[PDB]
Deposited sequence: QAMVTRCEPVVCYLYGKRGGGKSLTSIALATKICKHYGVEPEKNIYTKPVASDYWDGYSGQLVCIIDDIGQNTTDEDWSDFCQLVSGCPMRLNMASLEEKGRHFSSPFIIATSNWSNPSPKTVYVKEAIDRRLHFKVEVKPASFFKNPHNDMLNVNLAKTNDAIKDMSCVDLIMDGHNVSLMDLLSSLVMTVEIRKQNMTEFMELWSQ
């Protein structure tokens, strides 16, 4: 049902900021108010209870084995009313359906020297927040931009907006 974008990396490495940036860019793409269309909560069995139709859902800090819990959340995702929400998951580490796995770490210039975390002040002054160029996004082995990721997610949604998945299975045999 839902396209899951899976962002992982070290604490304070930029995965959280990126999840929100991606979330709001998804909302802007679809002509929708971000502050009303981002449902973000730490992973938990009652994650969906407070949900009320936000376009984008963020499932945070998938740690303490939380992966079985998060697998349930995806399989049991509710519907929307435009028909699935985008799902962004964050986690310290990586690791079967249609998904995007993206490692998030600071771009070399913006890695804090004291700790290997993201220097958000420096990214701010360097106008590197708007496009999240302050961050390295690593997907299928290579660096990718936030807009590339957004564009890829939106396109595969448009692909599934058609009702082709059955035929694509057939065509793929």
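Residues of the deposited sequence that lack C-alpha coordinates fall in the stretches 1-7, 71-74, 94-104, 118-130.
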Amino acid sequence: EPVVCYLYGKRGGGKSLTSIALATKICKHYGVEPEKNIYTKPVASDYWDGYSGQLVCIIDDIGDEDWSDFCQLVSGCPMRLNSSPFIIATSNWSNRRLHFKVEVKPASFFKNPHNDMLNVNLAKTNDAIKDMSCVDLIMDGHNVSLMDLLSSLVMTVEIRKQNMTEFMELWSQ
From here on, numbers count along this sequence of modelled residues.
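The mean C-alpha temperature factor is higher for 114-122 when 49-57 and 114-122 are set side by side. As listed in the deposited structure, the average C-alpha B-factor of 3-11 and of 162-170 is greater for 162-170. Highest C-alpha temperature factor among 63, 106, 34, 31 per the entry: 63. Of the candidates 136, 131, 148, 140, it is 140 whose Cα B-factor is highest according to the PDB record.
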